[PDB]
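Chain A is the first sequence line, chain B the second, and so forth, proteins listed ahead of strands; every chain is numbered from 1.
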Amino acid sequence: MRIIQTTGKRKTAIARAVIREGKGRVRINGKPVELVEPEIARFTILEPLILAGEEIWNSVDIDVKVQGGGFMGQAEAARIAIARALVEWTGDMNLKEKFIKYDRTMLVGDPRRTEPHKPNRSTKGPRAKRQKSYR
Amino acid sequence: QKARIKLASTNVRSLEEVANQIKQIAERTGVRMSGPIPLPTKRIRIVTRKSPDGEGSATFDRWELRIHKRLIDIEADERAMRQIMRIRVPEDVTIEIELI
Amino acid sequence: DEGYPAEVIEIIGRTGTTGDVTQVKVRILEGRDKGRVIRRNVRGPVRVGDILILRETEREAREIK
Amino acid sequence: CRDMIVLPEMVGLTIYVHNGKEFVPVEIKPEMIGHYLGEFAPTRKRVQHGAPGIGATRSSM
Amino acid sequence: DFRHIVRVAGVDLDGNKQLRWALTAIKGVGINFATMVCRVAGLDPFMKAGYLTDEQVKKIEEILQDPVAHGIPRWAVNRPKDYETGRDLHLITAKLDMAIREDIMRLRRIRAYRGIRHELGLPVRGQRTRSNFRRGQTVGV
Amino acid sequence: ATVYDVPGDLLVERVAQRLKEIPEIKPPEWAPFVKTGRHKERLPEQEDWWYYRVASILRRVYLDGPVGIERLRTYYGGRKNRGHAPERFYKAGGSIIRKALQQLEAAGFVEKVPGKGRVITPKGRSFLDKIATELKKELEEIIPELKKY
Amino acid sequence: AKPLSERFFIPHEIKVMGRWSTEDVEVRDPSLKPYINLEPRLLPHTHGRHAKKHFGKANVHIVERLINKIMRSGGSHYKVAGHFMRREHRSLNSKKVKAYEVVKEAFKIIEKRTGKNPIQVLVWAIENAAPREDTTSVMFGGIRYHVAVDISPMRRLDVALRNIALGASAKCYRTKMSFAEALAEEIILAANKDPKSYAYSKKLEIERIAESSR
RNA sequence: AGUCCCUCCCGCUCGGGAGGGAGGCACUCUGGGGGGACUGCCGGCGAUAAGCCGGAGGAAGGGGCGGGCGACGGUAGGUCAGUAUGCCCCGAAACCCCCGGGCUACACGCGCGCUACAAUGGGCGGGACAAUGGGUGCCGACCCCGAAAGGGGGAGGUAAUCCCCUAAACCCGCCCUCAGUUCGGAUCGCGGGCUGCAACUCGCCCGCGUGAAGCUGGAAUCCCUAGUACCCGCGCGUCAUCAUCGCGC
Ligand SMILES: [Mg+2]
Ligand SMILES: [Mg+2]
Ligand SMILES: [Mg+2]
Ligand SMILES: [Mg+2]
Ligand SMILES: [Mg+2]
Ligand SMILES: [Mg+2]
Ligand SMILES: [Mg+2]
Ligand SMILES: [Mg+2]
Ligand SMILES: [Mg+2]
Ligand SMILES: [Mg+2]
C-alpha cells in the first residue's frame, strides 16, 4: 500500500501529485488527461509518460491538484510533479538519465519570476519607457 | 476553558521576548499550550513624489511600515493565568486576552 | 557554380566600420586549390570548425593588425 | 437663480437672469416648459478671431 | 420565385441578403429592431429576402406602421413619449428627417443654448474645442 | 460516469436538447427582444437560446453550489468595446438568471439553502449524470483510452 | 467541423507534433548541417531558455525556430513588398498557440499537395533560400559604397527563416488568402526555385549585388 | 493525503464520484532561526603577481538577479503659490466672509496617448486558468422587483475567518468572404437612471435610432538584451459623483 507525493512549481502555479498502484488513470483536478485543452497544453503533460513507456504507464494511477498561475503555467508544474513522482516510484537510474537527456528542467525546475516594475511608464514594464521629444 | 492571546508589534525582538516569557511560564507548570503561531505580516507602503515643485524629472520615495503578529492558545488555569496577567510588555507591544 | 567548401581554422580579429566583420583563416576542402590556406572576411558570428561556401577562391583579404 | 426650472404658471412674465456681470431679459414662451433659466442667458461672448501673433507657429519664435 | 429586387415601404431591398440585414437599408431601422420585427412577424431572420411573397411584405409594412400595437416593447421605439401627442411612435424615412428638423427648429426658436450651438456648427454636448474638432486651413503668421 | 468525465460544451448541447421535454421551462414573454448583458452588442441569433442558457446554469449549479445570483452575474459578464475608450469588463443582468433559477426549482432540479444560495437536488444530479453516462458511452467508441475512466 | 479524432488526438511515440517522423530527412548543404537540429522531440516549445547563452540557438529544433519566426507583426519599421504592415492589436505577438496551429495546418497542406514528408520540403526551401555572399558598407566623400564579404552558416540560416516568414506574411495581407495557405505556397515555391517566391528573389538580388561589388 | 462513520448519484455496482462529521500537520502556505558559492576544484594565457578565458559538480558561477543609499563642489538651474524667514509694499483695502461667472472660449501651430483603417478578423452561443492590494463616513454575500442602468430588505466582517472576487487575451461550434462592408463608431435626436445643497453654462451611466474621416502613412524620429520587448486584463492613489493618467500586479 505505497503512496508517494511530489511537488512542482512554475511562476506562481503549484502542483501536488500523488502516485499509487493502479490501472493507468491520470487525472488533473478531477478531469481525465485525455480531455485537457488546448492541444499544446495536453502534450506538455504527457511527455514524461510517453518517455517512460507503456509498461510503466499502465501500472500506476496519478492524481494531481494544481492551483494558481495560468493554463500554460499549470501544465508545466504538473509535468514537473509527474516526472519526479515517476523517478521516485520506480527508482531506476536509466530513466532518470533519460529524462535529463531530453529536458533537464523536468527534474531541477525553473527559477524564473517576473521582474518588478519601475517608474517612467510603470504600468508597462520595468524597462519600457515613454517616448522622448526634444521640440 | 481555553484562553486566546494575540500579540502585535513593529519590533520583532520584543515580540519574541514576550512570547518566550509566556512559553517559560507555561512550561514552569503543568499546562498545555498551542505554540506561538506566526500570522502574516502587515505591510503599509506609501509612495510619494520627492520634489516640492513640479520641475525636473519625476522621482519617488517608497516608505514602508511593517507590523508583525503572533497567536497563542493556552488552557485557562488560575495558577498560571495570574502569572501571564502579571507580565508587563514593553511599550511597543500590544497584547489582548480573550476567553473562548 | 555551387561554390567550394572551406573550413575555419583560426580567428584573427574584428574589423569593419562598426565592428561587424571578422577576419579568419580557412583551408580549402575541394576543387583545384584543395589544401591551401588563405584569409577571409566573414559577416556574422563564427567559431572554429565552421564551414564557409566560397563563390571564388583567388581573392584574399588585406591583413589587419 | 440660474438653476430654476420653468413652470407653466410662469408663462407670460419677463425675468432678468444674471449672466455673471448683468441681468438679461427673458420672455417666457410656452415652448420653454421644462428648461433651466440659465439656458437663455449666455455667459460667454462669441469669438471673432484676429491675426495669429508671434509664437503662433514654429517659425515665428 | 426569387426576385433580385423587392420593394418594402418605399425602399428597394437587395434580394441576396438575409432578411434581417436586408431590412437595415431603411433609414430608421437598425439590426436589433429588424430582428425584433422579423421575430414578431414569425419569419426566419436568416431567410433570403428574395423569397418574400406579397402577403408577407404587406404584413411587414403593417408591423412597421405601428410596432407597439403588435407587441414590440415601448422601450424599443425610436421616439417614445412624443412631444406633441404623448404617445410612443416609430418614424422612418422622410417623417424621421422632418421630426428631427422640427426638434432642432423648436430649440432655435426659443433662443436656447443648444439652438445657438446648432446654428453656429459647434459641438453641442459639452466638448473641449481648443485642440480637436479642427476643420479648416492653417493661417500664416 | 459523472459530469467530470466529459467536455463541458458537448454536455451542455445534449442537456439543452433534452430540456425541451420538461413543461416548466418556457422562455418568458420578453425573451425575443433582449440582449444577455450590457456588454453585448446584438441580440442572440439562435431561436432557442433560452434552453442553452438554462442548461448552462444547471451545470453551473451542479459544480459550484451553493451559489447565488451575484456570482452568476459575474460569471456571465465579459469584455466590452467602448468606442474610443479602452475595453473593460462588465457583469451581466439579473432577470434572465433569476427567472431561469426559479423555473429550474419549479421543475424540481434545484432547491434553496437559506443565506447560502441554491443547490442541486438528487433528482437533478441523476438527470445530469444519466446524460453524462450516455455521452461517455458514445465518446469512448472513438477514444479507446477513455475506457479506463 | 473538425472530427473528434482530431480534437482529442493522443500520441504514443516521440515524433514531431505526434504526426511526422524526421528519421529519413537529410541535409545536402555541408555548411548548414550542424545547425539544423533534428533530434527527436514531441512538442516544439522550449520556453526561451536558449537566448541567454552564446550559440545556444544551435540546439533548438527547426520547427520551433519556424514557429518563433512567424510569431510577429511583420512590417514594423521597414517596408515589405512596398508597404508597412502594422497590425498592432491584431498581430501574433506573444500568441504561440495560434502560431502552432498555423504551422500545423501548413504542414498538412504541404503533405497533401506534394505527397512528401513536410520537414523534407522545409529543409529544401531553407537550402535554396540561404545566401552565400553578402556586403558591408563604407563611406567616402559623403557617398556610401559596398564591399563584398562572406557569410557564416548561422547567419545564413537566420536570414533564410526570416525571409520565408516575411514572404508568407506579405501574401495574406488584405487579401482573401489565409496565413496557413500563404505559408504553404511560399515554402513550396522556394523548394522549386520559382522566382515568384519572395525569399528566393531576395537571395538572388543579394548575391547579384554582392557580385557586382567585389 | 492516508484511515473511519453517515448521506446522495452513475454503467446497478465488483467498481467510480460528490458533500458532511470525527480526526490528523503528512503535503501547500505563513514566519523566526540556520545551511549553501569561495575563482574553492581542473586545464590554458598572462609574470611565476594582479587577473582573464574555457570546463566539471551544482537550485544557483564569476557585483548570482532586481532594488535603497548620490563624495568635495558647480549650475545666480526650480521652489518665498507646502511650511520657516529678511527687506519693500497694502493695512478700512492687496486682510476675512457670502452670491453669481471664469479657469471648460476656438480661423490656427506643437507634445504625449487612445480607437481604428479589418480575415494574423467582426458577430452570436458555449468551455478554461491569476496576482498585488483595500474595507466601519465603509466592504456588502443571500432573497425579491425591473429589458437595462438601477430599486427595496439585509447575514457576516475592526478581518489568514466575512466581503470586494467565477479577469481578458485563449479554446469549440455556426453566420459574414475582401467590401467604406455584418470593418470604423465620431456626430446628433428621443426616452430612462444615480451622486450631490445645486447637473444650463459644466458631471457619469443605460435603451432605440443616426452612421463622419479613415483602405498601412513624406522628410524625419523614439523604446528595448530575458521571464526582458510586444500583446492582455486587474488593484490602489485621487474620490460624494467622475480614469484614455500616476504607482504597482
Ligand atoms: Mg511586467
Ligand atoms: Mg464568456
Ligand atoms: Mg476592437
Ligand atoms: Mg537660484
Ligand atoms: Mg535663476
Ligand atoms: Mg486649465
Ligand atoms: Mg461593428
Ligand atoms: Mg449639461
Ligand atoms: Mg480595406
Ligand atoms: Mg492627474
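You won't find any donor-acceptor pair under 3.5 Å spanning the side chain of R135(A) and the base of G111(H), going by distance alone. Contact annotation: side chain of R134(E) to base of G109(H), donor-acceptor pair present below 3.5 Å. Counting distance only, with no hydrogens placed and no angle test, the side-chain atoms of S169(G) and the base atoms of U120(H) include a donor-acceptor pair under 3.5 Å. At a cut-off of 3.5 angstrom, counting only N and O atoms as typed in the model, there is a donor on one side and an acceptor on the other between the side-chain of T123(A) and the base of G248(H). In terms of polar N and O atoms assigned as donor or acceptor, the side chain of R130(A) never comes within less than 3.5 Å of the base of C112(H) in a complementary pairing. The base of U182(H) lies close enough to the side chain of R42(F) for a donor and an acceptor atom to sit less than 3.5 Å apart. Side-chain N/O atoms of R101(E) and base N/O atoms of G189(H) include no donor-acceptor pair closer than 3.5 Å. In the interface, the side chain of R2(D) is paired with the base of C200(H) through a donor and an acceptor atom under 3.5 Å apart.
A 4.5 Å side-chain heavy-atom check between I96(F) and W50(F) finds at least one atom pair inside the cut-off.
Contact annotation: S73(G) side-chain N/O to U120(H) OP1/OP2 distance is not under 4.0 Å. Within the 4.0 Å cut-off from OP1 or OP2 of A226(H), not a single side-chain nitrogen or oxygen of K53(G) is found. The phosphate of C106(H) (OP1 or OP2) has no side-chain N or O of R135(E) nearer than 4.0 angstrom. For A186(H), neither phosphate oxygen OP1 nor OP2 lies less than 4.0 angstrom from any side-chain nitrogen or oxygen of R82(F). Distances shown here put a side-chain N or O of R174(G) below 4.0 Å from the OP1 or OP2 atom of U216(H). Side-chain N/O atoms of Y75(F) include one lying less than 4.0 angstrom from OP1 or OP2 on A128(H). Regarding contacts with the backbone of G209(H), every side-chain N or O of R79(E) stays at 4.0 angstrom or more from both OP1 and OP2. For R62(B), no side-chain nitrogen or oxygen approaches OP1 or OP2 of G67(H) to under 4.0 Å.
Taking the 5.5 Å centre cut-off and the 30° plane limit, the aromatic side chain of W21(E) is classed as stacked on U182(H). In this structure, the aromatic ring of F71(A) is not positioned over the six-membered ring of the base of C129(H) within 5.5 Å between centres and 30° between planes. Between the side-chain ring of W75(E) and the base of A147(H), a stacking contact exists by the 5.5 Å and 30° definition. Stacking of the aromatic ring of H49(D) onto the base of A107(H) is found: the ring centres lie under 5.5 Å apart and the planes are inclined by under 30°.
One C1' atom belongs to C222(H), the other to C175(H), and the distance between them is 43 Å to the nearest Å. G156(H) sits 31 Å from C27(H) when the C1' atoms are compared, rounded to a whole Å. For the P atoms, the distance linking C183(H) with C117(H) amounts to 10 Å, nearest Å. Taking atom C1' on both nucleotides, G113(H) is separated from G173(H) by 39 Å, rounded to a whole Å. Across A131(H) and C197(H), the matching P atoms stand 41 Å from one another, rounded to whole Å. Here the separation of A94(H) from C114(H), taken at their P atoms, is 49 Å to the nearest Å. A37(H) and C65(H) have their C1' atoms separated by 15 Å, with the value rounded to a whole Å. Rounded to the nearest Å, the gap between the P atom of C164(H) and that of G157(H) is 15 Å.
Taken together, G235(H) and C247(H) qualify as a Watson-Crick or G-U wobble pair under the 3.5 Å criterion applied to both distances. Between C245(H) and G237(H), a Watson-Crick or G-U wobble pair is formed, both defining distances falling under 3.5 Å. A Watson-Crick or G-U wobble pair links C249(H) to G233(H), both relevant atom distances lying under 3.5 Å.
Searching all strands for a Watson-Crick or G-U wobble partner of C208(H) with both distances below 3.5 Å returns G189(H). Pair check for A118(H) finds none; no Watson-Crick or G-U wobble contact set falls under 3.5 Å. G15(H) is paired with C10(H) under the criterion used here, namely a Watson-Crick or G-U wobble arrangement in which both key atom distances are under 3.5 Å. Partner assigned to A71(H) is none, using Watson-Crick or G-U wobble distances below 3.5 angstrom.
Neighbouring bases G62(H) and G63(H) form no stack, their six-membered rings failing the under 5.5 angstrom centre or under 30 degree plane limit.
Nearest to the side-chain atoms of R10(A) among the listed nucleotides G227(H), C171(H), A186(H) stands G227(H). Nearest nucleotide to the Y36(D) side chain, out of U187(H), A199(H), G77(H): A199(H). Nearest nucleotide to the side chain of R127(A), out of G227(H), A229(H), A128(H): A229(H). When each of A1(H), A118(H), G218(H) is scored by its nearest atom to the side-chain atoms of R90(G), the top-ranked nucleotide is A118(H). Side-chain atoms of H84(F) lie closest to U115(H) of the nucleotides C27(H), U115(H), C9(H). Listed nucleotides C178(H), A149(H), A26(H) differ in distance to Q5(A); the shortest reach to its side chain belongs to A26(H). Here the side chain of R128(E) is nearest to one of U28(H), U104(H), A226(H), namely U104(H). Closest to the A85(F) side chain, of the nucleotides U244(H), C145(H), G191(H), is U244(H). Looking at the side chain of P116(A), the nearest of the listed nucleotides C249(H), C174(H), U104(H) is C249(H).
Comment: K136(F) engages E140(F) in a salt bridge, judged by a side-chain N to carboxylate O separation of less than 4.0 angstrom. Under 4.0 Å is where a charged nitrogen must lie from a carboxylate oxygen, and between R16(A) and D63(A) no such pair does. Ion pairing of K98(G) with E101(G) is absent here, as no side-chain N (NZ or NE/NH1/NH2) approaches a carboxylate O to less than 4.0 Å. Ion pairing between a basic and an acidic side chain is recognised when a charged N comes within 4.0 Å of a carboxylate O; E115(A) and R127(A) show such pairing.
Between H83(G) and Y173(G), the ring center distance fails the sub-6.0 Å criterion.
Regarding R87(G), its CZ atom lies at a distance of 14 Å from the P atom of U216(H), rounded to whole Å. With rounding to whole Å, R20(A) atom CZ is found 7 Å from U3(H) atom P.
Within 6.0 Å of the NZ atom in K9(A), the count of heavy atoms belonging to other residues, nucleotides or ligands does not exceed 12.
Nucleotide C96(H) carries an anti base; the chi torsion (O4'-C1'-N9-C4 or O4'-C1'-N1-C2) is more than 90° from 0. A107(H) has its base syn relative to the sugar, with a glycosidic angle deviating from 0 by at most 90°. For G113(H), the base adopts the anti conformation, since its glycosidic angle falls more than 90 degrees from zero.
For the pair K9(A) and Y149(F), nearest-nucleotide mapping onto RNA chain H gives the more 5' position to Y149(F). Both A128(A) and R104(A) lie near RNA chain H, and the one whose nearest nucleotide falls closer to the 5' end is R104(A).
Both the sub-6.0 Å distance and the 45° axial angle are satisfied by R106(E) relative to the ring of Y83(E).
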Derivation of the salt bridge (charged side-chain N to carboxylate O under 4.0 Å, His left out) call for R60(F) and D64(F): CA-CA 6 Å; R60(F) 217 73 249 167; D64(F) 299 308; 3.5 Å; yes
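The closest side-chain donor-acceptor pair between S73(G) and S76(G), if any, does not fall under 3.5 angstrom.
Here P66(F) lies out of heavy-atom contact (under 4.0 Å) with every strand.
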